[PDB]
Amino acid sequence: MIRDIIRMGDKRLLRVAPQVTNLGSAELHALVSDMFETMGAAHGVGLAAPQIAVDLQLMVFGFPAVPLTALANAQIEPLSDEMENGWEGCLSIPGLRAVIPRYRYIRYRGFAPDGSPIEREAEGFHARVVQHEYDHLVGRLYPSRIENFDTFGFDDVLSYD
């Protein structure tokens, strides 16, 4: 079932989400099923549960190929201080994109919806997607991370390298 994606300005995108505590349940499997589907209909590469107004530490992402993943109770650590600039957009901020600094190298940990543990090192775009989705879980969106406001603009108009 495709869910409505809420837009920036909605207070529910600004909350810090509680943990998932129904790993392995039929209710979580259906929520995650809904998320992949909603993400797919909107042409996303990541979708966080708060974006469909569900206050949970849960994100789906994937499709340089990133594996399709449902991740609960995500925890992220940088693996060094190297930052890298890259284009980001967000389904809750449609039409826009900016350049954002993210960590080149991360490890992320949590659980697959079935309860099995997930822990991975990620770099580049894989790592950027996870950091962007993780921000949602703590009530943060990308504009508050823009450093060069010349790069922020509408997708069909932008001519910055």
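All residue numbers refer to positions in the sequence shown, first residue = 1.
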query	finding
Missing from the model but present in the deposited sequence, between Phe63 and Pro64	4 to 9
Higher-B stretch (mean Cα B-factor, as the entry records it), 2-10 or 152-160	152-160
Which of 64-72 and 47-55 has higher mean CA B factor, as the PDB entry lists it	64-72
Deposited CA B-factor, highest of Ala98, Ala112, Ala26, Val130	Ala26
Chain-relative CA temperature factor third for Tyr108	middle
Third of the chain's Cα B-factor distribution that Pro117 belongs to, per the entry	highest
Chain third (lowest, middle, highest) by recorded CA B-factor, residue given as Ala17	middle
